[PDB]
Each structure stands twice: as structure tokens, then as C-alpha cells.
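Text of the file final.csv, holding CSV, C-alpha atoms and all ligand atoms:
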chain,number,residue,atom,x,y,z
A,3,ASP,CA,-69.5,49.8,34.5
A,4,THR,CA,-69.7,46.0,34.1
A,5,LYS,CA,-70.5,43.3,36.6
A,6,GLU,CA,-66.9,42.2,36.4
A,7,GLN,CA,-65.6,45.7,37.3
A,8,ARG,CA,-68.1,45.8,40.2
A,9,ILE,CA,-66.7,42.5,41.5
A,10,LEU,CA,-63.1,43.8,41.3
A,11,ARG,CA,-64.0,47.0,43.1
A,12,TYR,CA,-65.8,45.1,45.8
A,13,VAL,CA,-62.7,43.0,46.4
A,14,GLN,CA,-60.5,46.0,46.5
A,15,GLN,CA,-62.8,47.6,49.1
A,16,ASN,CA,-63.7,44.4,51.2
A,17,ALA,CA,-60.5,42.3,51.1
A,18,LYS,CA,-57.0,42.6,52.4
A,19,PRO,CA,-54.2,43.2,49.9
A,20,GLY,CA,-51.9,40.2,49.7
A,21,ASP,CA,-54.5,37.9,51.3
A,22,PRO,CA,-55.9,35.5,48.8
A,23,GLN,CA,-58.4,33.8,51.1
A,24,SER,CA,-59.9,37.3,51.8
A,25,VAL,CA,-60.2,37.8,48.1
A,26,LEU,CA,-62.1,34.5,47.6
A,27,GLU,CA,-64.4,35.4,50.5
A,28,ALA,CA,-65.1,38.8,49.1
A,29,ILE,CA,-66.0,37.4,45.7
A,30,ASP,CA,-68.2,34.7,47.2
A,31,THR,CA,-70.0,37.3,49.4
A,32,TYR,CA,-70.6,39.6,46.4
A,33,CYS,CA,-71.9,36.8,44.2
A,34,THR,CA,-74.2,35.5,46.9
A,35,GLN,CA,-75.7,38.8,48.0
A,36,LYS,CA,-75.3,41.2,45.1
A,37,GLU,CA,-75.0,39.7,41.6
A,38,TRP,CA,-74.4,36.1,40.5
A,39,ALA,CA,-71.3,35.5,38.4
A,40,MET,CA,-69.7,32.4,36.8
A,41,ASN,CA,-66.8,32.0,39.2
A,42,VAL,CA,-66.2,28.3,40.0
A,43,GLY,CA,-67.5,29.1,43.6
A,44,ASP,CA,-66.9,27.7,47.0
A,45,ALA,CA,-68.6,24.3,46.6
A,46,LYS,CA,-66.6,23.3,43.5
A,47,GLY,CA,-63.7,25.4,44.7
A,48,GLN,CA,-63.3,23.1,47.8
A,49,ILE,CA,-63.0,20.1,45.5
A,50,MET,CA,-60.4,22.0,43.3
A,51,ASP,CA,-58.4,22.8,46.5
A,52,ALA,CA,-58.4,19.1,47.5
A,53,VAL,CA,-57.1,18.1,44.0
A,54,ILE,CA,-54.4,20.8,43.9
A,55,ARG,CA,-53.2,19.7,47.3
A,56,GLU,CA,-53.1,16.1,46.3
A,57,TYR,CA,-51.0,16.6,43.2
A,58,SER,CA,-49.0,19.7,44.1
A,59,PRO,CA,-48.5,20.6,40.4
A,60,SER,CA,-45.4,22.6,39.4
A,61,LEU,CA,-47.1,23.9,36.2
A,62,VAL,CA,-50.8,24.5,35.7
A,63,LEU,CA,-52.6,25.7,32.7
A,64,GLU,CA,-56.1,27.3,33.0
A,65,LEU,CA,-58.4,27.9,30.1
A,66,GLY,CA,-60.9,30.7,30.7
A,67,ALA,CA,-59.8,32.9,33.6
A,68,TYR,CA,-62.9,35.2,33.7
A,69,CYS,CA,-62.2,37.4,36.8
A,70,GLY,CA,-59.4,35.3,38.3
A,71,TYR,CA,-61.3,33.5,41.0
A,72,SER,CA,-60.0,30.1,40.1
A,73,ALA,CA,-56.5,31.5,39.4
A,74,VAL,CA,-56.4,32.9,42.9
A,75,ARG,CA,-57.7,29.7,44.3
A,76,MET,CA,-55.1,27.5,42.6
A,77,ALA,CA,-52.2,29.9,42.9
A,78,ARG,CA,-52.6,30.4,46.6
A,79,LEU,CA,-52.0,26.6,47.1
A,80,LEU,CA,-49.0,26.3,44.8
A,81,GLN,CA,-45.6,25.5,46.3
A,82,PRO,CA,-42.8,28.1,46.1
A,83,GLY,CA,-41.6,28.4,42.5
A,84,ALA,CA,-44.6,26.6,41.0
A,85,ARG,CA,-46.5,28.5,38.2
A,86,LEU,CA,-49.9,29.0,36.7
A,87,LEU,CA,-50.6,30.1,33.2
A,88,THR,CA,-54.1,31.2,32.5
A,89,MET,CA,-55.8,32.2,29.2
A,90,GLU,CA,-58.7,34.6,28.6
A,91,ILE,CA,-60.0,35.7,25.3
A,92,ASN,CA,-61.9,38.7,26.5
A,93,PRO,CA,-59.5,41.6,26.9
A,94,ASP,CA,-61.6,43.3,29.6
A,95,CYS,CA,-61.7,40.1,31.7
A,96,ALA,CA,-58.0,39.5,31.2
A,97,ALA,CA,-57.3,43.0,32.6
A,98,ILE,CA,-59.7,42.3,35.6
A,99,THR,CA,-57.9,39.0,36.2
A,100,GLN,CA,-54.5,40.7,36.2
A,101,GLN,CA,-55.7,43.3,38.7
A,102,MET,CA,-57.3,40.6,40.8
A,103,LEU,CA,-54.0,38.7,41.0
A,104,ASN,CA,-52.1,41.8,41.7
A,105,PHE,CA,-54.4,42.7,44.6
A,106,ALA,CA,-54.1,39.1,46.0
A,107,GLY,CA,-50.3,39.3,45.8
A,108,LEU,CA,-50.0,36.3,43.5
A,109,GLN,CA,-48.8,38.2,40.3
A,110,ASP,CA,-45.3,36.5,40.5
A,111,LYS,CA,-46.9,33.0,40.3
A,112,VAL,CA,-49.3,33.6,37.5
A,113,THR,CA,-49.1,34.7,33.9
A,114,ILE,CA,-52.4,35.8,32.4
A,115,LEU,CA,-52.4,35.6,28.7
A,116,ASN,CA,-55.0,37.6,26.7
A,117,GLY,CA,-56.0,35.5,23.7
A,118,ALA,CA,-57.9,32.4,22.5
A,119,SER,CA,-56.8,29.0,23.8
A,120,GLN,CA,-56.7,27.5,20.4
A,121,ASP,CA,-54.2,30.2,19.2
A,122,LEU,CA,-52.1,30.3,22.3
A,123,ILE,CA,-51.7,26.5,23.1
A,124,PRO,CA,-49.6,25.9,20.0
A,125,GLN,CA,-47.2,28.6,21.2
A,126,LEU,CA,-46.6,27.3,24.7
A,127,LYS,CA,-43.5,25.3,23.9
A,128,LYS,CA,-41.6,27.7,21.7
A,129,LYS,CA,-42.8,31.0,23.2
A,130,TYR,CA,-43.5,30.2,26.9
A,131,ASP,CA,-40.8,27.6,27.3
A,132,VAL,CA,-43.3,24.8,28.4
A,133,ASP,CA,-42.2,21.2,28.3
A,134,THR,CA,-45.3,19.4,29.6
A,135,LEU,CA,-48.2,20.4,31.9
A,136,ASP,CA,-48.8,18.9,35.3
A,137,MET,CA,-52.5,20.0,35.4
A,138,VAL,CA,-55.0,21.7,33.2
A,139,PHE,CA,-58.2,23.4,34.5
A,140,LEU,CA,-60.8,23.7,31.7
A,141,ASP,CA,-63.3,26.4,32.3
A,142,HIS,CA,-63.7,28.2,28.9
A,143,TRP,CA,-66.4,27.8,26.3
A,144,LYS,CA,-67.9,24.4,26.9
A,145,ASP,CA,-67.8,23.3,23.3
A,146,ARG,CA,-64.1,23.9,23.3
A,147,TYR,CA,-63.2,21.4,26.1
A,148,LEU,CA,-62.9,18.5,23.6
A,149,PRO,CA,-61.1,20.2,20.8
A,150,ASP,CA,-58.6,21.9,23.1
A,151,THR,CA,-57.9,18.5,24.9
A,152,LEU,CA,-57.1,17.0,21.6
A,153,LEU,CA,-55.0,20.0,20.6
A,154,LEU,CA,-53.0,19.8,23.9
A,155,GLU,CA,-52.2,16.2,23.1
A,156,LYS,CA,-51.2,17.0,19.5
A,157,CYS,CA,-48.9,19.7,20.7
A,158,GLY,CA,-47.1,17.2,23.1
A,159,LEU,CA,-48.2,19.1,26.2
A,160,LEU,CA,-49.6,16.1,28.1
A,161,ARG,CA,-47.5,13.5,29.9
A,162,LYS,CA,-48.4,10.4,31.8
A,163,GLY,CA,-50.2,11.6,34.9
A,164,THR,CA,-51.2,15.0,33.6
A,165,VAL,CA,-54.5,15.9,35.5
A,166,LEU,CA,-57.3,17.5,33.5
A,167,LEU,CA,-59.9,19.0,35.8
A,168,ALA,CA,-63.1,20.2,34.0
A,169,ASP,CA,-65.7,22.6,35.4
A,170,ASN,CA,-69.4,22.6,34.4
A,171,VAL,CA,-69.6,19.1,33.0
A,172,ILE,CA,-73.3,19.0,34.0
A,173,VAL,CA,-74.3,22.7,33.8
A,174,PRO,CA,-74.0,24.1,31.2
A,175,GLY,CA,-72.6,20.7,30.3
A,176,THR,CA,-69.8,19.3,28.1
A,177,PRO,CA,-71.3,16.1,26.8
A,178,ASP,CA,-68.9,15.4,23.9
A,179,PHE,CA,-65.9,15.9,26.2
A,180,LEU,CA,-67.3,13.7,29.0
A,181,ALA,CA,-68.2,10.9,26.5
A,182,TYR,CA,-64.8,11.1,25.0
A,183,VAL,CA,-62.6,11.0,28.1
A,184,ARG,CA,-64.8,8.4,29.8
A,185,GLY,CA,-64.6,6.1,26.8
A,186,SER,CA,-60.9,6.6,26.1
A,187,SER,CA,-58.2,4.2,27.3
A,188,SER,CA,-55.9,7.3,27.4
A,189,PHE,CA,-57.7,8.8,30.4
A,190,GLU,CA,-58.7,7.6,33.9
A,191,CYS,CA,-61.7,9.5,34.9
A,192,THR,CA,-63.4,10.5,38.2
A,193,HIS,CA,-66.6,12.5,38.6
A,194,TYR,CA,-67.0,14.9,41.6
A,195,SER,CA,-70.6,15.8,42.1
A,196,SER,CA,-71.2,19.3,43.4
A,197,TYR,CA,-73.3,22.4,42.9
A,198,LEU,CA,-73.3,25.2,40.4
A,199,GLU,CA,-71.6,28.2,41.9
A,200,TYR,CA,-73.9,30.2,44.3
A,201,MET,CA,-76.9,28.1,43.3
A,202,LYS,CA,-78.9,25.1,44.5
A,203,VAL,CA,-78.4,23.4,41.1
A,204,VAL,CA,-76.4,20.2,40.7
A,205,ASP,CA,-73.1,20.5,38.7
A,206,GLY,CA,-69.8,18.7,38.8
A,207,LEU,CA,-66.1,18.5,38.1
A,208,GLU,CA,-64.6,15.8,36.0
A,209,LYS,CA,-61.0,14.7,36.7
A,210,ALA,CA,-59.4,12.9,33.7
A,211,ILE,CA,-55.8,11.7,34.2
A,212,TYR,CA,-53.9,11.3,30.9
A,213,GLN,CA,-52.3,7.9,30.6
A,214,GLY,CA,-50.3,8.3,27.4
A,215,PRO,CA,-51.0,7.1,23.8
B,301,LIG,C1,-66.7,30.4,29.2
B,301,LIG,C2,-66.9,31.2,30.5
B,301,LIG,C3,-65.6,31.5,31.2
B,301,LIG,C4,-64.5,32.4,30.4
B,301,LIG,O1,-64.0,31.6,29.3
B,301,LIG,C5,-63.5,32.6,28.4
B,301,LIG,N1,-63.3,32.0,27.1
B,301,LIG,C6,-64.2,31.5,26.2
B,301,LIG,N2,-63.6,30.8,25.2
B,301,LIG,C7,-62.2,31.0,25.4
B,301,LIG,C8,-61.1,30.6,24.6
B,301,LIG,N3,-61.2,29.9,23.5
B,301,LIG,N4,-59.9,30.9,25.1
B,301,LIG,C9,-59.8,31.6,26.3
B,301,LIG,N5,-60.8,32.0,27.1
B,301,LIG,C10,-62.0,31.7,26.6
B,301,LIG,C11,-64.7,33.6,28.4
B,301,LIG,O2,-64.3,34.9,27.8
B,301,LIG,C12,-65.1,33.7,29.9
B,301,LIG,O3,-64.5,34.8,30.6
B,301,LIG,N6,-67.6,30.4,31.4
B,301,LIG,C13,-69.0,30.2,31.3
B,301,LIG,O4,-69.7,30.7,30.4
B,301,LIG,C14,-69.7,29.6,32.5
B,301,LIG,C15,-71.1,29.6,32.5
B,301,LIG,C16,-71.9,29.1,33.6
B,301,LIG,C17,-73.4,29.2,33.5
B,301,LIG,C18,-74.1,28.2,34.3
B,301,LIG,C19,-75.5,28.4,34.3
B,301,LIG,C20,-76.1,29.4,33.6
B,301,LIG,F1,-77.4,29.6,33.7
B,301,LIG,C21,-75.4,30.4,32.9
B,301,LIG,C22,-74.0,30.3,32.9
B,301,LIG,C23,-71.2,28.6,34.7
B,301,LIG,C24,-69.8,28.5,34.6
B,301,LIG,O5,-69.1,28.0,35.7
B,301,LIG,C25,-69.1,29.0,33.5
B,301,LIG,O6,-67.7,28.7,33.5
B,302,CL,CL,-63.4,31.2,38.2
B,303,CL,CL,-70.8,28.1,45.9
B,304,MG,MG,-67.2,27.4,35.1
Can I see the file as C-alpha cells?
Amino acid sequence: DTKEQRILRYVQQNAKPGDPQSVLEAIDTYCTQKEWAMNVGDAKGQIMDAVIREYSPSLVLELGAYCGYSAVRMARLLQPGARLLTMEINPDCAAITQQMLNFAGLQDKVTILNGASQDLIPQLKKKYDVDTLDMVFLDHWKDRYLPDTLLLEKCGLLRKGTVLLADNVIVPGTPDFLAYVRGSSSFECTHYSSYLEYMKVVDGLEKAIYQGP
């Protein structure tokens, strides 16, 4: 089996069904003590929590679900009736994410789509009945942050106030995306310095609020 399968099994055997916080704790324990994995982690995850609570978004889009850690993290703080859509290109990881959400009891709040963000984004309006997004969490391939931001705008999915929150802007790094949003009058940016998940290595989140054209 794979690392991701081991993580899922660990959660199933060390967390409480229907208890998202126990799921996050289980994943953090496994990744600290057993095998590292690219979940956003507790350090950055606390910042994410603070952002989600500030904005109380009704519709969030996540790019790059992996095992569902961040989807659990965000969805557990959404208000009743609010929704998360998350995309994952790797079919094995999409199935793990689905099962992780099911175990957490969040499956009614979250739709996990198996596919590439650049193919699925242009379908959101006609196929998934999306008007505009309140928040976007970018955590997929780092060289796709910029192209998919531009794609989101082209598709009419951003509104005044939409919050983009980007993981890994320092490690592995997303230098084109950071230069772009920081230099654009269409975004208001804030940098939240933190640490790479499960590691004593500096990383950060960037928040970029869309201001319109
Ligand atoms: C990119 C991955 C996260 C997931 O993104 C999905 N994905 C891809 N492209 C697409 C698409 N176009 N559409 C949808 N899903 C998509 C994929 O299949 C992964 O499951 N994340 C990382 O590689 C990542 C790596 C590190 C990292 C840091 C220090 C190191 F020494 C080594 C690795 C830390 C992090 O925090 C990460 O987030
Ligand atoms: Cl994650
Ligand atoms: Cl951490
Ligand atoms: Mg990441």
C-alpha cells in the first residue's frame, strides 16, 4: 500500500467517526511520528482556520485536495448550508479524500471532484451551478497557481472580495504567482509567515483579495 492509504487507515483506527478535530489530530500525529506528508499541517492550518472564521465563506473552492486534510479543516468551520468544492487530479488521492471526508462526517458539505483544475474550472458555472466563489485555497502544483488564478478570472468566477489563500508560497515556492498578485492593482495581498508542515523550515501563506478589474 501507499503512504496515503496508510494515513487513511491510521485515521480510521485512531480517530472518532464524525469528529473532524480527531481526524486532524490523527493525521498530524501520523505525520510527525511515522511518515511526513504534504498536508498543510497544524502551523499553517491554524492560520487557515483564522481566515475561514474571519470570512465565513458560503462557497469555497480548493485546488489540490491530496488526502483531504485541508478539506476537513475548512469544512468543519463552515456554517450550515455552506459548501466546499475540492479538485484532485490523482484518482487514488481523490478516493482517499472522499473516504476521509466520509469518516469525518463532512461528506454533505464537500464535493470532491476527480480531475485537473484547468479542465474543471471552466465547467463550474454550467455544470456545478456556481455563480462566483467566496474563497479559493490554492494547494496544487505550484506552477499552476498563476495560470489557474488567471483562468478563474477569465471564467467570471471571482468577485470583489473573493479571498485567494495560497499554500507553499516559500517552499516549494510560487514565485510567479507572488510577483503577480503583489504587483497587481486587482489584488490586496497579505503574507502570513509560518512553517512547512511537520518541519522546522519556514514557509508561508499568501492571502490575495480580489478587487475587480
Ligand atoms: C501539488 C501537491 C498537492 C496535490 O495537488 C494535486 N494536483 C496537482 N496538480 C493538480 C491539478 N492541476 N488539479 C488538481 N489537483 C492537482 C496533486 O495530485 C497532489 O495530490 N502538493 C505538493 O506537491 C506539496 C509539496 C510540498 C513539499 C515541500 C517540501 C518538500 F521537500 C517536498 C514537498 C509541500 C506542500 O504543502 C505541498 O502542497
Ligand atoms: Cl492538505
Ligand atoms: Cl505542523
Ligand atoms: Mg501544500
10 Å contact set for residue 17 of chain A, only C-alpha atoms, chain neighbours under 5 positions out, as a list in words
residues 11, 12, 22, 23, 24, 25, 26, 27, 28, 29, 105 and 106 of chain A
Nearby polymer residues, ligand CL 302 (chain B), at most 10 Å, only C-alpha atoms and all ligand atoms, as a PDB file with C-alpha atoms, in the coordinates of the input:
ATOM      1  CA  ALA A  39     -71.300  35.500  38.400  1.00  0.00           C
ATOM      2  CA  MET A  40     -69.700  32.400  36.800  1.00  0.00           C
ATOM      3  CA  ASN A  41     -66.800  32.000  39.200  1.00  0.00           C
ATOM      4  CA  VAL A  42     -66.200  28.300  40.000  1.00  0.00           C
ATOM      5  CA  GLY A  43     -67.500  29.100  43.600  1.00  0.00           C
ATOM      6  CA  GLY A  47     -63.700  25.400  44.700  1.00  0.00           C
ATOM      7  CA  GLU A  64     -56.100  27.300  33.000  1.00  0.00           C
ATOM      8  CA  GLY A  66     -60.900  30.700  30.700  1.00  0.00           C
ATOM      9  CA  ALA A  67     -59.800  32.900  33.600  1.00  0.00           C
ATOM     10  CA  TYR A  68     -62.900  35.200  33.700  1.00  0.00           C
ATOM     11  CA  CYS A  69     -62.200  37.400  36.800  1.00  0.00           C
ATOM     12  CA  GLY A  70     -59.400  35.300  38.300  1.00  0.00           C
ATOM     13  CA  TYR A  71     -61.300  33.500  41.000  1.00  0.00           C
ATOM     14  CA  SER A  72     -60.000  30.100  40.100  1.00  0.00           C
ATOM     15  CA  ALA A  73     -56.500  31.500  39.400  1.00  0.00           C
ATOM     16  CA  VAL A  74     -56.400  32.900  42.900  1.00  0.00           C
ATOM     17  CA  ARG A  75     -57.700  29.700  44.300  1.00  0.00           C
ATOM     18  CA  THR A  99     -57.900  39.000  36.200  1.00  0.00           C
ATOM     19  CA  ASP A 141     -63.300  26.400  32.300  1.00  0.00           C
ATOM     20  CA  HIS A 142     -63.700  28.200  28.900  1.00  0.00           C
ATOM     21  CA  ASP A 169     -65.700  22.600  35.400  1.00  0.00           C
ATOM     22  CA  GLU A 199     -71.600  28.200  41.900  1.00  0.00           C
TER      23      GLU A 199
END
Within 12 Å of segment 88-98 of chain A, counting only C-alpha atoms, which residues qualify if same-chain residues fewer than 5 places away don't, as a PyMOL selection string?
chain A and resi 3-11+13-14+61-74+76-77+103-105+109+111-123+126+137-143
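The contact shell of ligand CL 303 (chain B), defined as all polymer residues within 7 Å when all atoms listed in the file are used, comprises residues 43, 44, 45, 46, 197, 198, 199, 200 and 201 of chain A.
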Selected residues written out, C-alpha atoms, as an mmCIF file, in the coordinates of the input:
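What ended up in again.cif:
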data_model
loop_
_atom_site.group_PDB
_atom_site.id
_atom_site.type_symbol
_atom_site.label_atom_id
_atom_site.label_comp_id
_atom_site.auth_asym_id
_atom_site.auth_seq_id
_atom_site.Cartn_x
_atom_site.Cartn_y
_atom_site.Cartn_z
ATOM 1 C CA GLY A 43 -67.500 29.100 43.600
ATOM 2 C CA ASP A 44 -66.900 27.700 47.000
ATOM 3 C CA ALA A 45 -68.600 24.300 46.600
ATOM 4 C CA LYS A 46 -66.600 23.300 43.500
ATOM 5 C CA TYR A 197 -73.300 22.400 42.900
ATOM 6 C CA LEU A 198 -73.300 25.200 40.400
ATOM 7 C CA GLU A 199 -71.600 28.200 41.900
ATOM 8 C CA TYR A 200 -73.900 30.200 44.300
ATOM 9 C CA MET A 201 -76.900 28.100 43.300
#
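Note that atom CA of residue 54 of chain A and atom CA of residue 181 of chain A are 24.3 Å apart.
Taking atom CA of residue 194 of chain A and atom CA of residue 33 of chain A as endpoints, the distance between them is 22.6 Å.
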Could you give me, as number ranges by chain, the residues that have an atom at most 10 Å away from the point (-70.4, 20.8, 32.0) in the coordinates of the file, using only C-alpha atoms?
A: 141, 143-145, 147, 168-180, 198, 205-208
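You will find atom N3 of ligand LIG 301 (chain B) at 11.5 Å from atom CA of residue 148 of chain A.
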Exercise: residue 110 of chain A partners within 12 Å, all atoms listed in the file, chain neighbours under 6 positions left out, as a PyMOL selection string:
chain A and resi 20+74+77-78+80+82-87+100+103-104
Name the closest residue to ligand LIG 301 (chain B) among the candidates A:202, A:146, A:193, A:209; distances are taken between atoms, counting only C-alpha atoms and all ligand atoms.
A:146
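Closest approach to residue 132 of chain A among A:157, A:79, A:50, A:210: A:157, based on only C-alpha atoms.
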Distance query 12 Å from (-49.1, 15.9, 45.5) using all atoms listed in the file, result as an mmCIF file with C-alpha atoms, in the coordinates of the input:
data_model
loop_
_atom_site.group_PDB
_atom_site.id
_atom_site.type_symbol
_atom_site.label_atom_id
_atom_site.label_comp_id
_atom_site.auth_asym_id
_atom_site.auth_seq_id
_atom_site.Cartn_x
_atom_site.Cartn_y
_atom_site.Cartn_z
ATOM 1 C CA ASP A 51 -58.400 22.800 46.500
ATOM 2 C CA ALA A 52 -58.400 19.100 47.500
ATOM 3 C CA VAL A 53 -57.100 18.100 44.000
ATOM 4 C CA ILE A 54 -54.400 20.800 43.900
ATOM 5 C CA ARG A 55 -53.200 19.700 47.300
ATOM 6 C CA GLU A 56 -53.100 16.100 46.300
ATOM 7 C CA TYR A 57 -51.000 16.600 43.200
ATOM 8 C CA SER A 58 -49.000 19.700 44.100
ATOM 9 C CA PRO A 59 -48.500 20.600 40.400
ATOM 10 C CA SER A 60 -45.400 22.600 39.400
ATOM 11 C CA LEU A 79 -52.000 26.600 47.100
ATOM 12 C CA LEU A 80 -49.000 26.300 44.800
ATOM 13 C CA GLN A 81 -45.600 25.500 46.300
ATOM 14 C CA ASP A 136 -48.800 18.900 35.300
ATOM 15 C CA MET A 137 -52.500 20.000 35.400
ATOM 16 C CA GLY A 163 -50.200 11.600 34.900
ATOM 17 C CA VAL A 165 -54.500 15.900 35.500
#
Closest of A:152, A:167, A:183, A:102 to ligand MG 304 (chain B), counting only C-alpha atoms and all ligand atoms, is A:167
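Each of A:212, A:182, A:38, A:189 was compared to residue 162 of chain A using all atoms listed in the file, and A:212 turns out to be the nearest.
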Residues within 9 Å of segment 127-130 of chain A, please, as a ChimeraX atom specification. Count all atoms listed in the file; anything in the same chain fewer than 3 positions from it doesn't count.
/A:123-124,133-134,157-159
Is there a way to complete segment 88-101 of chain A with N, CA, C and O atoms and then write that out as a tab-separated table (two decimals), keeping the file's coordinate frame?
chain	number	residue	atom	x	y	z
A	88	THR	N	-52.70	31.18	32.69
A	88	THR	CA	-54.10	31.20	32.50
A	88	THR	C	-54.44	32.06	31.23
A	88	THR	O	-53.82	33.06	31.01
A	89	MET	N	-55.41	31.58	30.48
A	89	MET	CA	-55.80	32.20	29.20
A	89	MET	C	-57.17	32.75	29.29
A	89	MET	O	-58.09	32.13	29.80
A	90	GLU	N	-57.36	33.93	28.69
A	90	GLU	CA	-58.70	34.60	28.60
A	90	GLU	C	-58.79	35.35	27.39
A	90	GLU	O	-57.97	36.25	27.10
A	91	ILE	N	-59.81	35.06	26.60
A	91	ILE	CA	-60.00	35.70	25.30
A	91	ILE	C	-60.60	37.06	25.33
A	91	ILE	O	-60.35	37.84	24.39
A	92	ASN	N	-61.32	37.41	26.38
A	92	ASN	CA	-61.90	38.70	26.50
A	92	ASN	C	-60.97	39.66	27.12
A	92	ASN	O	-60.56	39.47	28.26
A	93	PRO	N	-60.58	40.72	26.42
A	93	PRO	CA	-59.50	41.60	26.90
A	93	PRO	C	-59.87	42.31	28.24
A	93	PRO	O	-59.05	42.49	29.14
A	94	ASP	N	-61.13	42.72	28.38
A	94	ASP	CA	-61.60	43.30	29.60
A	94	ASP	C	-61.46	42.41	30.79
A	94	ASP	O	-61.04	42.79	31.87
A	95	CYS	N	-61.83	41.15	30.59
A	95	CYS	CA	-61.70	40.10	31.70
A	95	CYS	C	-60.26	39.79	31.93
A	95	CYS	O	-59.88	39.58	33.10
A	96	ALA	N	-59.42	39.76	30.92
A	96	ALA	CA	-58.00	39.50	31.20
A	96	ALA	C	-57.45	40.62	32.05
A	96	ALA	O	-56.68	40.34	32.96
A	97	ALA	N	-57.79	41.88	31.78
A	97	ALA	CA	-57.30	43.00	32.60
A	97	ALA	C	-57.87	42.89	34.06
A	97	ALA	O	-57.15	43.17	34.99
A	98	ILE	N	-59.15	42.51	34.23
A	98	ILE	CA	-59.70	42.30	35.60
A	98	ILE	C	-58.89	41.19	36.27
A	98	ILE	O	-58.52	41.36	37.40
A	99	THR	N	-58.64	40.10	35.58
A	99	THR	CA	-57.90	39.00	36.20
A	99	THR	C	-56.53	39.44	36.63
A	99	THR	O	-56.09	39.10	37.73
A	100	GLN	N	-55.85	40.18	35.80
A	100	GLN	CA	-54.50	40.70	36.20
A	100	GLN	C	-54.58	41.50	37.47
A	100	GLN	O	-53.73	41.35	38.34
A	101	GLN	N	-55.57	42.40	37.52
A	101	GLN	CA	-55.70	43.30	38.70
A	101	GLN	C	-56.11	42.50	39.90
A	101	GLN	O	-55.71	42.87	41.01
